[PDB]
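Residue numbers (the UniProt record's numbering), protein chains in the order written: chain A, 34 to 146; chain B, 19 to 292; chain C, 23 to 116, 136 to 243, 250 to 281; chain D, 20 to 367; chain E, 20 to 84, 96 to 110, 122 to 134.
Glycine is no exception: its CB is placed at the ideal position from the N, C-alpha and C atoms.
Take a look at the structure below.
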Amino acid sequence: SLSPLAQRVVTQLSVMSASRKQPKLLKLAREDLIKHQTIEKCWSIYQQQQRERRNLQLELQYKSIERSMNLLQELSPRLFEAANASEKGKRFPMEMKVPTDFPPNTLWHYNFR
Amino acid sequence: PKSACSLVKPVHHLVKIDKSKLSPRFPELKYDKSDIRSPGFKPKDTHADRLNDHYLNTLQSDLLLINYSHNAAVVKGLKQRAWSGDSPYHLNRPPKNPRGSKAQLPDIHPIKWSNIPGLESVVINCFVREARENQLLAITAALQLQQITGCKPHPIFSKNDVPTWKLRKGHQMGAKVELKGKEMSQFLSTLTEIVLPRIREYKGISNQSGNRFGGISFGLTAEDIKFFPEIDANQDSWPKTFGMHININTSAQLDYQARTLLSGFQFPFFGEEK
Amino acid sequence: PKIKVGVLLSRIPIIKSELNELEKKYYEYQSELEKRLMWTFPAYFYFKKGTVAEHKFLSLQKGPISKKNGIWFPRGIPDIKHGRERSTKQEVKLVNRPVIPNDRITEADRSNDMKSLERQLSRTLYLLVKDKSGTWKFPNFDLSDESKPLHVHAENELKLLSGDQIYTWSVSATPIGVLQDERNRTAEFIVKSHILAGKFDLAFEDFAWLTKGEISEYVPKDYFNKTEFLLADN
Amino acid sequence: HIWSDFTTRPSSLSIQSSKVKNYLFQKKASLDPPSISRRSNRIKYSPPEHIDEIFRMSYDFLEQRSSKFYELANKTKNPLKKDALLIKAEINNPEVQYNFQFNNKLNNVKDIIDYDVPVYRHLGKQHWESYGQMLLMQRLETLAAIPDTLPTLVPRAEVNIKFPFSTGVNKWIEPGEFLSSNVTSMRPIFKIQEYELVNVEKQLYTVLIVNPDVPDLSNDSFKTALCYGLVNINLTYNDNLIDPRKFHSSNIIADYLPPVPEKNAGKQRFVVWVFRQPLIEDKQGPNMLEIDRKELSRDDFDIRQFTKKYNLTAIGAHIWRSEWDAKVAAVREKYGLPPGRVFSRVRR
Amino acid sequence: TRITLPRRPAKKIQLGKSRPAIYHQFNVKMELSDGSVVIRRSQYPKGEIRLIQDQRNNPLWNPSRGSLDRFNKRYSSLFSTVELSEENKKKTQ
RNA sequence: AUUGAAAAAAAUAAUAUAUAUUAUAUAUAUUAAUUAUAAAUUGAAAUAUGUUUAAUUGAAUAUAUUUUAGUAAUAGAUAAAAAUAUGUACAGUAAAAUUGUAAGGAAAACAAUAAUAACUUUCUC
């Protein structure tokens, strides 16, 4: 009927498939449904607020930068030129790592190079 | 059929009739997939995404600061040129195609608080070419992909036909999977930390790699996939293993911006940039 | 007007941000919803039948109550496939060493040492400095030469202050903002830069490494207003 | 805690069921849902875990938001803005959501869903837009009741009709239904549910049922026929069922003549239109209007011309459509209308 | 010639009844090369893993900061730098 | 309905039952199912009845009665790989060329490549 390789392939396929592995549908009572809706809506609102806060902050930073660069242009042309360069190949430093869940054994390195 | 003449009749009102809602056929389908009452419901925002949080906090501001060019105006792309009306044959003529390209190119905007570059989507294209002989290899590749991602893969089929390579048309051959949001972020984090350091002579992603507009890519060999923790934990269960292409799609206007963004997430870049 | 160089050194967080009370609970709920809706664990794949590893897993697990004729099941009749009650959430209990994570709060945090870099791990720390007067501020430096670029000059000044203990990285050549005034006809152009690996430890009397919330307490109100948005909230 | 206060706020914003309210607001998931009436089913049921504390937090968050909105709402002077503020404050209230979703909107009981309350009215409007309004629009366009009678419609009020007096059975007519001559023998009953903010005391309404498809053999075409015409009707958000109780004999500009389609004349559209009166300033009370009853004719009726004359704006519509059956002759006889014509089966 | 698994009749997923594939996933703790632990959701059943070769001990990711084993074992008395200096004359090549 | 936990009711829709009308309506009750379907000397689980250990529950083990395992793809109204070529209903847009990417090369697969003025809703200064 089937080889051992064929069997193993079938098993692998099954791992991915939804055939006889999935539970019943999540039914709720009307009160429960409402509670869920209120949870979700509030959360969504909170997320929107956070986005606006961050977005606003970014806008403020941009405005400050603009204000700075105009001033620099007014005062010292060479300094302005130096500031406003193409940073095409700018690379973030490899020490600035993505913050983990829990910290390492040695928290901070005081010596380098 | 009395005729094939298609011709949509005009209306006498501005109300937008959603025809789906007027039926009683698919009552489960009227609910959005986000809604709890739909069978299509899935808990989306299950836990705090770490890479995304990092981007929000540290990187995004830094990226904005980098990309500020003073009084930078919009750079319009190559577009379809209109004809000068110096002849009456120009009068209903289609426009001249773009200068260099056949297809139109997008406008490059200055980076401000709104349009800072960020990760949009990852796609993991695995086309196993031995599966022209063995269909079961495609299945195994799809499983591997699923294991790696925690996301449902989609089967790739042979779209073309060719004699030199023993390839038919309409044959299942490997799989793909578009990761988005938190799963994608996790996958990137795994790539940065676990897998790519275990590759021996790994210089990084090439600086000559990428789209013209905010898309960067690279690929992993069959040797490299055994470093993924889901595959590594049962090497008996994974005798064969398949390479893959990894298309990273950013919200970057240009490719150097996208490269910079990826560097922020601890991706090394080695080659001479364009 | 005199050109001056402001510098704020940003030590970035080394671990995840702490979740809000609202957030945590919501996330737990979503996890429990996922679990309820999650598929059966396909144990037949990961554990081979008639193997020592499978047996341990089986022992760890406890099975579901099957339907049996002539009995009332007041929580409905058991719906079972691959050995799981479809009507409920499934729980699957699981050098050779237990992975024990380190404490997120630190010794420095406990002591409240403001000069230390390990004192907050989930927040963005900013280098502040106290001058001859009682005021605090971000490191200022006089730019008399004006030959070199501004950010480079700032970095050099920082290095000089340190005695080559610090290891910084400028985010860009562009200045983030300016602090300006009429009494002293000057202009402090603020650069942004990131401490990567070093001490500071040292005209300025004292220094500290603080979050955005603590800087408000230390620094003046007008100054804070001027330079609030530059600092990350977390 | 603004949503627990009912000093200034209406009673309708609360849930009237006590058990349901208790279930909503508890400190642990101990109680069982009032919705599940049966004991065995309650036993079987299991709500999702951790739902209570999070729900409470969400309530607090949205309650705070509502309170903040109210701080603005009371300072506001102009009425539409104030209403909008009120809506914003209370729309995310769980109790009002429960009330609206799970109790009837058509024949709303005032204590549960009060359409005098702005939030509930907004909810009702949204519900109407979701399905019933779209359906009505489709039936107007497909059947060709808009351009044939009255150019366009901008649906504002939800209009539902009924024929209670003829047969006995209770049924709201779905737009574009085929009703028997027995069903539509005696007059219908309207319900004009208004969702916009409008002056309840001043605003009058007119209702016109028009039959565009009565055949005129001189013209070799059709003509309109005003089958039923009411004017100067007073509506209120909750008190809105236009019945012989409400309107007086003075309000009837053309008293109900029934659908009596001729044999082979075809299917006849009867499309009720609901207009609101023009509102005059510097005049307290409801501004009436006089109709020249000799000028307007029933056997031929320019609806558009009539509208132009009295400066009406069509807010709502509904439509049924009748064709010939055996009982139309009986209906004619009852009403004292003539025998009724019979046309050739072929449209030659 | 072409090795395949021949398809059975497909099961009709009705419109609206399609359910999203929520695979069974465990919360897995990865301790990296150093003691930094990170939680990640994973399909394989293992609550804890500790990694040997990661970015946190690779030189590319931090520039600023068993044949060999067998050999070491069975040439241990000799103790095999000084040895390199002794046995590295760079004239002949 | 009995069982668990610590007077009632007021939508839609479905189901059950009843009746109203030359009206596929209304009334009351209740919220099921939702990816399954025969056949397994062998795997796994439960319950019942025994026996031994620390009246007791856990733990171990025997028999009986069941339940699961036949492990197989679409999870989306799918949308230019291949497959039902006539009906109807609903919805969408192709191709080329270009820039890239593990074996991949001119030629296998995947990604990306025209413009947002005005409008509606949401959050926010």
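Q.
If I follow the unbroken beta strand (DSSP E) through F182 (chain C), where does it start and stop?
A. Against the third sequence, residue 182 (chain C) aligns to sequence position 141. Segment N181 to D183, the beta strand (DSSP E) holding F182 (chain C).
Using beta carbons (cut-off 8 Å, strictly below), is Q70 (chain A) in contact with chain D? Your numbering for residue 70 (chain A) matches position 37 in the first sequence. Chain D contact via Cβ: present.
Am I right that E198 (chain C) and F179 (chain C) are in contact with their C-beta atoms under 8 Å? What's the rounded C-beta distance? The residue given as residue 198 (chain C) occupies position 157 in the third sequence. The residue given as residue 179 (chain C) occupies position 138 in the third sequence. Contact between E198 (chain C) and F179 (chain C) is absent: CB atoms are separated by about 12 Å, not below the 8 Å threshold.
**Prompt:** Taking Cβ positions only, does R100 (chain A) come closer than 8 Å to chain D?
**Reply:** Against the first sequence, residue 100 (chain A) aligns to sequence position 67. No, because no Cβ of chain D sits closer than 8 Å to the Cβ of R100 (chain A).
Between the Cα of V291 (chain D) and the Cα atoms of D:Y247, D:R264, D:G304 and D:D319, which residue gives the shortest distance? The count along the fourth sequence starts at 1 and reaches residue 291 (chain D) at position 272. The shortest Cα separation from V291 (chain D) among D:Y247, D:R264, D:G304 and D:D319 belongs to D:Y247.
query = Which residues, in chain order, does the stretch 43 to 54 of chain B contribute to contact with chain E at a C-beta distance below 9 Å?
reply = Cβ contacts with chain E come from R43, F44, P45, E46, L47, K48, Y49 and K51.
TODO: Using the Cα positions of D71 (chain D) and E45 (chain C), report the straight-line distance between them to the nearest angstrom.
DONE: Locating residue 71 (chain D) in the fourth sequence gives position 52, where the first residue counts as 1. Locating residue 45 (chain C) in the third sequence gives position 23, where the first residue counts as 1. Their Cα atoms are separated by approximately 14 Å.
For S149 (chain D), count neighbouring Cβ atoms within 10 angstroms of its own Cβ and tell me buried if that reaches 16, exposed if not. Translated into positions along the fourth sequence, residue 149 (chain D) becomes position 130. Burial call: exposed.
Short of 6 Å in beta carbon distance, which residues of its chain neighbour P173 (chain B), apart from the five on each side in sequence? Order them along the chain.
Taking the first residue of the second sequence as 1, we reach residue 173 (chain B) at position 155. Here the set comprises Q190 and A193.
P110 (chain A) versus chain E: which residues are under 9 Å apart at the beta carbon? Within the first sequence, the letter at position 77 stands for residue 110 (chain A). Neighbours of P110 (chain A) in chain E, taken as residues at a C-beta separation under 9 Å, are lacking, since the least C-beta distance is about 36 Å.
Is there at least one Cβ from chain D nearer than 8 Å to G72 (chain C)'s Cβ?
Position 50 of the third sequence, counted from the start, is the residue given in the question as residue 72 (chain C). At a cut-off of 8 Å, the C-beta of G72 (chain C) has no neighbouring C-beta in chain D.
Query raised in the report: By DSSP, does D222 (chain C) sit in helix, in strand, or in coil?
Result: As a position in the third sequence, residue 222 (chain C) is number 181, starting the count at 1. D222 (chain C): strand per DSSP, three-state reduction.
task = Under 7 Å Cβ to Cβ from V138 (chain D), same chain only, skipping five residues before and after it: list those, please.
result = Here the question's residue 138 (chain D) lines up with position 119 in the fourth sequence. Sequence-distant partners of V138 (chain D) (beyond 5 residues in either direction) whose C-beta falls short of 7 Å from its own C-beta, in its chain, are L105, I106, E109, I110 and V115.
Check: Hey, how far is the Cα of residue 376 (chain D) from the Cα of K259 (chain C)?
Finding: Missing from the structure shown is residue 376 (chain D); chain D here goes from 20 to 367 and no further.
> Can you check whether the CB of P181 (chain B) is closer than 8 Å to the CB of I212 (chain B)?
Replying inline: As a first step, residue 212 (chain B) must be located in the second sequence, where it is residue number 194. As a first step, residue 181 (chain B) must be located in the second sequence, where it is residue number 163. Not closer than 8 Å, so no.
Q: Note down, in chain order, every chain B residue with its Cβ under 7 Å from the Cβ of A40 (chain E).
A: Position 21 of the fifth sequence, counting from 1, holds the residue named residue 40 (chain E). Close partners of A40 (chain E) in chain B (Cβ separation under 7 Å): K170.
Exercise. Out of curiosity, what's the CA-to-CA distance linking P106 (chain B) and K114 (chain B)?
Worked result: Working through the second sequence from its first residue, we reach residue 106 (chain B) at position 88. Working through the second sequence from its first residue, we reach residue 114 (chain B) at position 96. About 16 Å.
Contact check, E54 (chain C) vs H69 (chain D) under 8 Å by CB: the rounded distance? Position 32 of the third sequence, counted from the first residue, corresponds to residue 54 (chain C). Position 50 of the fourth sequence, counted from the first residue, corresponds to residue 69 (chain D). 6 Å between Cβ atoms; contact.
| query | Are the stretch 58 to 65 of chain B and the stretch 160 to 178 of chain D touching by the rule of at least three beta carbon pairs closer than 8 Å? | reply | When C-beta atoms of the stretch 58 to 65 of chain B are compared with those of the stretch 160 to 178 of chain D, fewer than three pairs fall below 8 Å, so the two segments do not count as touching.
Worksheet entry | Where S341 (chain D) sits in the DSSP three-state scheme | The count along the fourth sequence starts at 1 and reaches residue 341 (chain D) at position 322. In the three-state scheme derived from DSSP, where H, G and I count as helix and E and B as strand, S341 (chain D) is classed as strand.
Would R97 (chain C) and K63 (chain D) qualify as a contact pair, given that the criterion is a beta-carbon distance under 8 Å? Here residue 97 (chain C) refers to the residue found at position 75 of the third sequence. Here residue 63 (chain D) refers to the residue found at position 44 of the fourth sequence. Contact flag set, yes.
Checklist entry - When DSSP labels each residue in this structure, what does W191 (chain D) get in the three-state scheme? => result Against the fourth sequence, residue 191 (chain D) aligns to sequence position 172. DSSP, read as helix, strand or coil, puts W191 (chain D) in strand.
Taking only the alpha-carbon atoms, compute the straight-line gap between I72 (chain A) and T227 (chain C) and give it to the nearest angstrom.
Locating residue 72 (chain A) in the first sequence gives position 39, counting from the first residue. Locating residue 227 (chain C) in the third sequence gives position 186, counting from the first residue. If I take the Cα positions, the gap works out to 53 Å.
inquiry  = Considering only DSSP beta bridges, list what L166 (chain C) is partnered with.
reply    = As a position in the third sequence, residue 166 (chain C) is number 125, starting the count at 1. In the DSSP output, where bridge partners are listed per residue, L166 (chain C) has C:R33.
**Prompt:** Among D:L81, D:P170, D:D321 and D:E215, which residue has its Cα nearest to the Cα of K144 (chain D)?
**Reply:** The sequence position of residue 144 (chain D) within the fourth sequence is 125, counting from 1. Considering only alpha carbons, the answer is D:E215.
Using the Cβ count rule (16 or more neighbours within 10 Å means buried), how would you classify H267 (chain D)? Within the fourth sequence, numbered from 1, the residue matching residue 267 (chain D) stands at position 248. By the 10 Å Cβ count, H267 (chain D) comes out exposed.
Next on the checklist: Which residue wins for smallest C-alpha separation from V219 (chain D), given the options D:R295, D:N330, D:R57 and D:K313?
Outcome noted: In the fourth sequence, the residue the question calls residue 219 (chain D) occupies position 200. In terms of Cα proximity to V219 (chain D), the closest of D:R295, D:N330, D:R57 and D:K313 is D:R295.
Would the stretch 271 to 282 of chain B count as touching the stretch 228 to 245 of chain B if we require 3 or more Cβ pairs under 8 Å? Enough Cβ pairs lie closer than 8 Å, so yes.
- request: For chain D, find out if any of its Cβ atoms is closer than 8 Å to the Cβ of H31 (chain B); answer yes or no.
  value: As a first step, residue 31 (chain B) must be located in the second sequence, where it is residue number 13. It does: the Cβ of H31 (chain B) has a partner Cβ on chain D nearer than 8 Å.
- prompt: Okay, do the stretch 196 to 213 of chain C and the stretch 260 to 271 of chain B touch, 3+ Cβ pairs below 8 Å being the bar?
  reply: The stretch 196 to 213 of chain C vs the stretch 260 to 271 of chain B: no contact.
- How about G204 (chain C) and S97 (chain A): do their beta carbons lie closer than 8 Å? Sequence index remark: in the third sequence, residue 204 (chain C) carries index 163 (1-based). Sequence index remark: in the first sequence, residue 97 (chain A) carries index 64 (1-based). No, the Cβ-Cβ distance between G204 (chain C) and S97 (chain A) is not below 8 Å.
**Request:** Give a yes or no on whether the minimum CB-CB distance between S204 (chain D) and chain B is below 8 Å.
**Result:** On the fourth sequence, residue 204 (chain D) is found 185 positions in, with the first residue counted as 1. Not an interface residue.
*Which value, in whole angstroms, describes the spacing of the CA atoms of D65 (chain A) and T268 (chain B)?*
By one-based count along the first sequence, residue 65 (chain A) stands at place 32. By one-based count along the second sequence, residue 268 (chain B) stands at place 250. Cα-Cα distance, rounded: 39 Å.
Note to self: Taking the alpha carbon of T186 (chain D) as the reference point, which residue from D:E193, D:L198 and D:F241 has its own alpha carbon closest?
What the structure shows: Along the fourth sequence, one-based indexing puts residue 186 (chain D) at 167. Here the closest residue by C-alpha is D:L198.
What is the rounded straight-line gap between the Cα of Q152 (chain D) and the Cα of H337 (chain D)? What you label residue 152 (chain D) is simply residue 133 of the fourth sequence in a count that begins at 1. What you label residue 337 (chain D) is simply residue 318 of the fourth sequence in a count that begins at 1. Within the model, the alpha-carbon separation for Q152 (chain D) versus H337 (chain D) is close to 10 Å.
Can you grab the Cα-Cα spacing for the pair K27 (chain B) / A92 (chain D), in whole Å?
Position 9 of the second sequence, counted from the first residue, corresponds to residue 27 (chain B). Position 73 of the fourth sequence, counted from the first residue, corresponds to residue 92 (chain D). Between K27 (chain B) and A92 (chain D), the C-alpha separation is close to 46 Å.
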